[PDB]
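Engineer: One file is attached below, target12.txt, containing compact mmCIF, C-alpha atoms.
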```txt
# COMPACT_ATOMS: atom_id res chain seq x y z
CA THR K 2 0.00 0.00 0.00
CA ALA K 3 2.86 2.36 0.82
CA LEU K 4 4.22 2.31 -2.73
CA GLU K 5 0.82 3.38 -4.07
CA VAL K 6 1.60 6.95 -3.04
CA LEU K 7 3.72 7.01 -6.22
CA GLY K 8 0.57 7.41 -8.30
CA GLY K 9 0.10 10.84 -6.76
CA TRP K 10 3.70 11.96 -7.25
CA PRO K 11 4.36 14.96 -9.51
CA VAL K 12 6.63 12.98 -11.85
CA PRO K 13 6.27 11.83 -15.51
CA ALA K 14 6.82 8.22 -14.39
CA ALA K 15 8.03 6.21 -11.41
CA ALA K 16 8.62 2.64 -10.25
CA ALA K 17 9.57 1.16 -6.91
CA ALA K 18 10.15 -2.00 -4.93
CA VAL K 19 10.46 -3.02 -1.29
CA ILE K 20 13.01 -5.80 -0.79
CA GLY K 21 13.52 -8.07 2.19
CA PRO K 22 16.03 -10.91 2.73
CA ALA K 23 13.47 -13.32 1.24
CA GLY K 24 12.84 -11.25 -1.88
CA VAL K 25 10.67 -8.49 -3.28
CA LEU K 26 7.85 -7.69 -0.85
CA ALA K 27 6.03 -5.17 -3.06
CA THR K 28 6.40 -3.22 -6.29
CA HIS K 29 4.70 -0.40 -8.15
CA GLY K 30 5.05 0.94 -11.67
CA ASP K 31 6.97 -0.65 -14.52
CA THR K 32 9.89 -2.48 -12.89
CA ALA K 33 11.19 -3.34 -16.38
CA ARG K 34 11.40 0.31 -17.47
CA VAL K 35 14.94 1.67 -17.92
CA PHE K 36 15.88 4.76 -15.87
CA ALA K 37 19.00 6.96 -15.74
CA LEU K 38 20.53 6.35 -12.31
CA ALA K 39 22.83 9.35 -12.03
CA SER K 40 24.67 8.95 -8.69
CA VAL K 41 22.74 5.80 -7.89
CA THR K 42 25.48 4.53 -10.20
CA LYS K 43 28.00 4.84 -7.38
CA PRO K 44 26.81 1.88 -5.29
CA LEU K 45 27.20 -0.32 -8.38
CA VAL K 46 30.73 0.90 -9.09
CA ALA K 47 31.58 0.69 -5.39
CA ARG K 48 30.49 -2.95 -5.27
CA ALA K 49 32.59 -3.62 -8.35
CA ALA K 50 35.60 -2.01 -6.63
CA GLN K 51 34.89 -4.14 -3.55
CA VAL K 52 34.91 -7.30 -5.66
CA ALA K 53 38.22 -6.17 -7.20
CA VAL K 54 39.78 -5.85 -3.75
CA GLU K 55 38.69 -9.40 -2.94
CA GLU K 56 40.08 -10.69 -6.26
CA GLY K 57 43.37 -9.09 -5.27
CA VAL K 58 43.35 -6.78 -8.31
CA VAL K 59 43.83 -3.89 -5.90
CA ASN K 60 43.86 -3.32 -2.17
CA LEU K 61 42.00 -0.70 -0.20
CA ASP K 62 45.36 0.84 0.70
CA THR K 63 46.57 0.69 -2.91
CA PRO K 64 47.76 4.20 -3.92
CA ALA K 65 45.29 5.89 -6.29
CA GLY K 66 44.53 9.56 -6.91
CA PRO K 67 46.57 12.46 -5.42
CA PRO K 68 49.77 11.69 -3.45
CA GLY K 69 48.77 10.04 -0.20
CA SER K 70 45.40 8.95 -1.58
CA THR K 71 44.31 5.29 -1.90
CA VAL K 72 41.44 3.22 -3.29
CA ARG K 73 39.74 3.58 0.14
CA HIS K 74 39.92 7.41 -0.03
CA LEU K 75 38.35 7.36 -3.48
CA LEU K 76 35.49 5.12 -2.34
CA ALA K 77 34.83 7.24 0.76
CA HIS K 78 35.26 10.64 -0.95
CA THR K 79 38.27 11.67 1.15
CA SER K 80 40.95 11.84 -1.56
CA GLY K 81 40.92 15.65 -1.44
CA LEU K 82 40.02 15.55 -5.11
CA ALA K 83 37.70 18.10 -6.67
CA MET K 84 34.10 17.36 -7.55
CA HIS K 85 34.43 17.26 -11.34
CA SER K 86 38.12 17.44 -12.26
CA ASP K 87 41.57 16.16 -11.36
CA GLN K 88 42.05 19.17 -9.13
CA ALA K 89 43.47 18.50 -5.67
CA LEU K 90 41.68 20.83 -3.25
CA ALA K 91 42.69 19.18 0.03
CA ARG K 92 45.05 16.71 1.71
CA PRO K 93 43.83 13.08 1.53
CA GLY K 94 41.84 12.02 4.60
CA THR K 95 41.44 15.52 6.01
CA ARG K 96 38.17 16.43 4.32
CA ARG K 97 35.07 14.68 3.13
CA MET K 98 33.90 16.04 -0.18
CA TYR K 99 31.61 14.16 -2.52
CA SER K 100 33.36 13.65 -5.86
CA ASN K 101 32.45 12.29 -9.29
CA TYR K 102 36.04 12.47 -10.55
CA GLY K 103 37.10 10.51 -7.48
CA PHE K 104 35.07 7.61 -8.87
CA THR K 105 36.59 8.00 -12.33
CA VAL K 106 40.07 7.61 -10.85
CA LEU K 107 38.70 4.59 -8.98
CA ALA K 108 37.28 3.02 -12.15
CA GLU K 109 40.56 3.81 -13.93
CA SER K 110 42.60 1.99 -11.30
CA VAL K 111 40.41 -1.13 -11.36
CA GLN K 112 40.51 -1.03 -15.17
CA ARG K 113 44.30 -0.69 -15.40
CA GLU K 114 45.14 -3.22 -12.68
CA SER K 115 42.61 -5.82 -13.86
CA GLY K 116 43.23 -5.39 -17.57
CA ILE K 117 39.47 -5.22 -18.17
CA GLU K 118 37.46 -2.26 -19.50
CA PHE K 119 35.60 -0.92 -16.47
CA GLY K 120 32.13 -1.11 -17.97
CA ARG K 121 32.79 -4.75 -18.80
CA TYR K 122 34.40 -5.32 -15.42
CA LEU K 123 31.25 -4.03 -13.68
CA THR K 124 29.10 -6.45 -15.68
CA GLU K 125 31.25 -9.52 -15.02
CA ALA K 126 31.89 -8.77 -11.35
CA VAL K 127 28.46 -7.56 -10.28
CA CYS K 128 25.64 -7.46 -12.81
CA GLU K 129 26.17 -10.82 -14.54
CA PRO K 130 26.57 -12.78 -11.28
CA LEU K 131 23.31 -11.30 -9.93
CA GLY K 132 21.37 -11.61 -13.18
CA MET K 133 21.19 -7.85 -13.82
CA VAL K 134 20.77 -8.12 -17.58
CA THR K 135 19.32 -4.64 -18.08
CA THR K 136 21.98 -2.71 -16.19
CA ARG K 137 24.89 -1.04 -17.93
CA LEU K 138 27.52 1.66 -17.69
CA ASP K 139 28.61 3.23 -20.98
CA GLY K 140 31.15 6.02 -21.22
CA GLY K 141 34.04 4.37 -19.44
CA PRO K 142 35.57 5.52 -16.14
CA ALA K 143 34.68 9.11 -17.05
CA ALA K 144 31.07 8.25 -16.24
CA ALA K 145 31.78 5.88 -13.34
CA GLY K 146 30.11 8.32 -11.00
CA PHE K 147 26.77 8.81 -12.76
CA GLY K 148 26.42 7.09 -16.13
CA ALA K 149 24.74 3.83 -15.20
CA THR K 150 21.33 2.84 -16.52
CA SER K 151 19.12 0.19 -14.88
CA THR K 152 15.62 -0.99 -13.91
CA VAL K 153 13.83 -1.38 -10.58
CA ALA K 154 13.88 -5.17 -11.10
CA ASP K 155 17.66 -5.20 -11.51
CA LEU K 156 18.16 -2.80 -8.60
CA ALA K 157 15.82 -4.97 -6.52
CA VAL K 158 18.19 -7.89 -7.07
CA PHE K 159 21.12 -5.61 -6.19
CA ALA K 160 19.40 -4.55 -2.97
CA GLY K 161 19.21 -8.25 -2.17
CA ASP K 162 22.99 -8.47 -2.36
CA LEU K 163 23.23 -5.45 -0.04
CA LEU K 164 20.92 -7.16 2.47
CA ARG K 165 22.62 -10.59 2.30
CA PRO K 166 26.06 -10.18 0.64
CA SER K 167 26.91 -12.71 -2.04
CA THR K 168 28.98 -10.79 -4.58
CA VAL K 169 31.45 -10.04 -1.76
CA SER K 170 32.27 -11.64 1.60
CA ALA K 171 30.30 -10.81 4.71
CA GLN K 172 33.45 -9.13 6.07
CA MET K 173 33.94 -6.86 3.06
CA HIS K 174 30.25 -5.89 3.17
CA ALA K 175 30.46 -5.18 6.89
CA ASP K 176 33.50 -3.02 6.17
CA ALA K 177 31.85 -1.30 3.20
CA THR K 178 28.85 -0.44 5.39
CA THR K 179 31.03 0.99 8.16
CA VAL K 180 32.00 4.63 8.31
CA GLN K 181 35.38 5.19 6.68
CA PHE K 182 37.43 8.17 7.91
CA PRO K 183 34.95 8.99 10.74
CA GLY K 184 34.60 12.47 12.20
CA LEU K 185 34.65 14.29 8.87
CA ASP K 186 32.07 17.02 8.22
CA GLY K 187 30.79 18.19 4.87
CA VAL K 188 27.94 18.86 2.53
CA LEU K 189 25.66 16.19 1.14
CA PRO K 190 24.65 17.61 -2.27
CA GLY K 191 21.01 18.66 -2.03
CA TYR K 192 20.96 18.54 1.76
CA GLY K 193 23.66 21.02 2.73
CA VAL K 194 26.35 20.72 5.40
CA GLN K 195 26.16 17.61 7.59
CA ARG K 196 28.08 17.04 10.83
CA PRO K 197 29.28 14.45 10.35
CA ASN K 198 28.77 13.49 6.69
CA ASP K 199 29.44 9.76 7.10
CA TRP K 200 30.30 7.59 4.14
CA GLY K 201 31.18 3.92 3.76
CA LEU K 202 33.10 2.29 0.92
CA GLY K 203 31.15 3.86 -1.92
CA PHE K 204 27.83 3.72 -0.08
CA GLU K 205 26.50 6.78 1.74
CA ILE K 206 25.68 6.15 5.40
CA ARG K 207 22.72 8.01 6.91
CA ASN K 208 23.85 8.18 10.50
CA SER K 209 21.62 10.96 11.84
CA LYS K 210 21.86 13.50 9.00
CA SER K 211 19.09 16.06 8.75
CA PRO K 212 17.45 17.01 6.58
CA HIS K 213 17.94 13.80 4.56
CA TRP K 214 16.42 11.78 1.71
CA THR K 215 15.70 8.73 3.89
CA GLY K 216 12.88 8.49 6.43
CA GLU K 217 12.93 9.83 9.99
CA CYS K 218 12.57 6.24 11.12
CA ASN K 219 15.43 4.74 9.10
CA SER K 220 18.17 3.56 11.47
CA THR K 221 21.53 5.35 11.65
CA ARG K 222 23.06 2.29 9.95
CA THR K 223 20.95 2.81 6.82
CA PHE K 224 23.18 3.10 3.71
CA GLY K 225 22.72 3.53 -0.04
CA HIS K 226 22.61 6.49 -2.40
CA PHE K 227 20.29 8.86 -4.27
CA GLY K 228 20.82 10.55 -7.61
CA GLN K 229 19.99 13.89 -9.23
CA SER K 230 17.91 11.99 -11.79
CA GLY K 231 15.31 11.51 -9.06
CA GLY K 232 16.08 7.97 -7.94
CA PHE K 233 17.48 6.36 -4.81
CA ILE K 234 18.24 3.20 -2.90
CA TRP K 235 18.58 2.59 0.80
CA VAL K 236 19.12 -0.58 2.79
CA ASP K 237 18.35 -0.54 6.50
CA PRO K 238 20.28 -3.35 8.30
CA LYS K 239 18.27 -2.80 11.48
CA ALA K 240 14.87 -3.07 9.80
CA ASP K 241 16.47 -5.58 7.43
CA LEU K 242 14.60 -3.87 4.60
CA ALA K 243 15.53 -2.15 1.33
CA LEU K 244 13.71 0.41 -0.80
CA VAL K 245 14.36 1.26 -4.42
CA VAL K 246 12.69 4.27 -6.06
CA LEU K 247 13.27 5.45 -9.64
CA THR K 248 11.43 8.38 -11.24
CA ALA K 249 11.62 10.34 -14.48
CA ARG K 250 12.00 13.70 -12.74
CA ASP K 251 15.29 15.24 -11.64
CA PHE K 252 15.82 15.74 -7.90
CA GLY K 253 14.36 18.96 -6.50
CA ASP K 254 12.22 20.49 -3.75
CA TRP K 255 9.27 18.30 -4.80
CA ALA K 256 11.03 15.25 -3.35
CA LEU K 257 12.20 16.82 -0.08
CA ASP K 258 9.12 15.66 1.83
CA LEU K 259 7.90 12.80 -0.37
CA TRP K 260 11.06 10.70 -0.20
CA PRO K 261 11.21 10.63 3.62
CA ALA K 262 7.44 10.04 3.78
CA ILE K 263 7.44 6.98 1.54
CA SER K 264 10.45 5.66 3.45
CA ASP K 265 8.72 5.80 6.83
CA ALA K 266 5.53 4.44 5.26
CA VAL K 267 7.51 1.49 3.91
CA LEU K 268 9.25 0.89 7.25
CA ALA K 269 6.04 1.06 9.26
CA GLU K 270 4.24 -1.37 6.93
CA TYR K 271 6.94 -3.95 6.08
CA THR K 272 9.21 -3.99 9.15
CA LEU K 273 8.74 -7.36 10.87
CA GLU K 274 7.83 -7.36 14.56
```
Would you put the structure from the file into structure tokens?
Structural biologist:
Amino acid sequence: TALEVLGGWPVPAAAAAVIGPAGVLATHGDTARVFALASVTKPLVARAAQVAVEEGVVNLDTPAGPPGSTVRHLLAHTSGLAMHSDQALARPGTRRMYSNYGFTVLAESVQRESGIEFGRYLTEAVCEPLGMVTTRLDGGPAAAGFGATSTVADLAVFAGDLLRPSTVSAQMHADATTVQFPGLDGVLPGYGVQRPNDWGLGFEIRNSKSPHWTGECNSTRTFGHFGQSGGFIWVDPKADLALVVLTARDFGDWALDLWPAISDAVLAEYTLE
């Protein structure tokens, strides 16, 4: 019932799914429809980088980006790298600043060290193993931070992997969902300065940020990502629930109250006693 609120949303089109450890608990809209993911691309690339670490292709401490920066800094947005270009604006690990280019350097490292084109690496390491046959990233590492395309059905499967890790070990997933470089403050695009602005290994961590895109009832351990294309994904380890929402309207003030509302509606209705 909670997902029905989508029919009243001021968007050209939308689709959503509630996922639990046993599978999809509810859906709405066309789950087969392809949507631009924008930054919802990051969790996919992050998982691919996590698989690469486990394959031994790279290590979390492997140098990548500005001097003193590593794969871990790139994943957690602490490389000191600028938002859009190879401009070093801070010393690695001192500041937390969301960066698209940070993910391109990340994709470039995995690509170089593995010998596989990143888009293809993503497919073979994440999408193919989970059956995500309508998910793709074209554009190479330059678009590693926002160029992925997918469907609610494919993301639903992905959310399953985030709830019960299979593509990576339970230890890597625990690590990826733990705050990396804690204590760092910063702005969460669209939600202003956050103290602190916690981030995991490629996955944003809610903590107690406010205002935020998740619900007021999501636990502080909730992690995921939203995108400027008007889509998002969060996984709440405490509620053991996941929510995927994709719309055809770019992020804006219209979503500021709706996103949190559907999140709390979903938690209240599907959270097991």
Engineer: Grab the CA of residue 128 in chain K to CA of residue 148 in chain K distance for me, in Å with one decimal place.
Structural biologist: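 That distance, rounded to one decimal, is 14.9 Å.
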Engineer: Using all atoms listed in the file, find the one residue out of K:145, K:61, K:41, K:180 that sits nearest to residue 85 in chain K.
Structural biologist: K:145
Engineer: One decimal, Å: what's the distance from CA of residue 5 in chain K over to CA of residue 30 in chain K, could you say?
Structural biologist: 9.0 Å
Engineer: To one decimal place, how far is CA of residue 265 in chain K from CA of residue 216 in chain K in Å?
Structural biologist: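 A separation of 5.0 Å between them.
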Engineer: Using only C-alpha atoms, can you tell me which of K:252, K:104, K:182, K:159 comes closest to residue 146 in chain K?
Structural biologist: K:104
Engineer: Please work out which residues fall within 8 Å of (40.1, 16.7, -1.9), coordinates as given in the file, with all atoms listed in the file counting, and return them as an NGL selection string.
Structural biologist: :K and (78-83 or 88-93 or 96-98)
Engineer: Name the residues in contact with residue 157 in chain K at a cut-off of 9 Å, using only C-alpha atoms, excluding same-chain residues fewer than 6 positions from it; report them as a list in words.
Structural biologist: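 Near neighbours after the sequence-gap exclusion: residues 17, 18, 19, 20, 24, 25, 243, 244 and 245 of chain K.
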Engineer: Can you work out which one of K:158, K:77, K:12, K:242 has the shortest atom-to-atom distance to residue 230 in chain K, counting only C-alpha atoms?
Structural biologist: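 Comparing K:158, K:77, K:12, K:242 against residue 230 in chain K, the winner is K:12.
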Engineer: Using only C-alpha atoms, find the one residue out of K:64, K:238, K:120, K:201 that sits nearest to residue 176 in chain K.
Structural biologist: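 Ranking K:64, K:238, K:120, K:201 by distance to residue 176 in chain K, first place goes to K:201.
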Engineer: Pick out the residues sitting within 10 Å of residue 139 in chain K, and hand them over as a list in words; count only C-alpha atoms, and ignore anything fewer than 2 positions along from it in its own chain.
Structural biologist: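 Here the answer would be residues 119, 120, 121, 137, 141, 142, 143, 144, 145, 148, 149 and 150 of chain K.
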Engineer: Would you save the residues of that selection, restricted to C-alpha atoms, as a compact mmCIF listing (two decimals), in the coordinates of the input?
Structural biologist:
```
# COMPACT_ATOMS: atom_id res chain seq x y z
CA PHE K 119 35.60 -0.92 -16.47
CA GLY K 120 32.13 -1.11 -17.97
CA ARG K 121 32.79 -4.75 -18.80
CA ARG K 137 24.89 -1.04 -17.93
CA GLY K 141 34.04 4.37 -19.44
CA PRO K 142 35.57 5.52 -16.14
CA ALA K 143 34.68 9.11 -17.05
CA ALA K 144 31.07 8.25 -16.24
CA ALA K 145 31.78 5.88 -13.34
CA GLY K 148 26.42 7.09 -16.13
CA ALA K 149 24.74 3.83 -15.20
CA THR K 150 21.33 2.84 -16.52
```
Engineer: From the set K:222, K:196, K:113, K:250, which residue has the shortest atom-to-atom contact distance to residue 175 in chain K, counting all atoms listed in the file?
Structural biologist: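 Among the listed residues, the smallest separation from residue 175 in chain K belongs to K:222.
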Engineer: Using all atoms listed in the file, which residues sit within 12 Å of residue 178 in chain K once same-chain residues fewer than 4 positions away are excluded, as a ChimeraX atom specification?
Structural biologist: /K:44,47-48,51,76-77,163-164,166,171-174,199-208,221-225,235-238
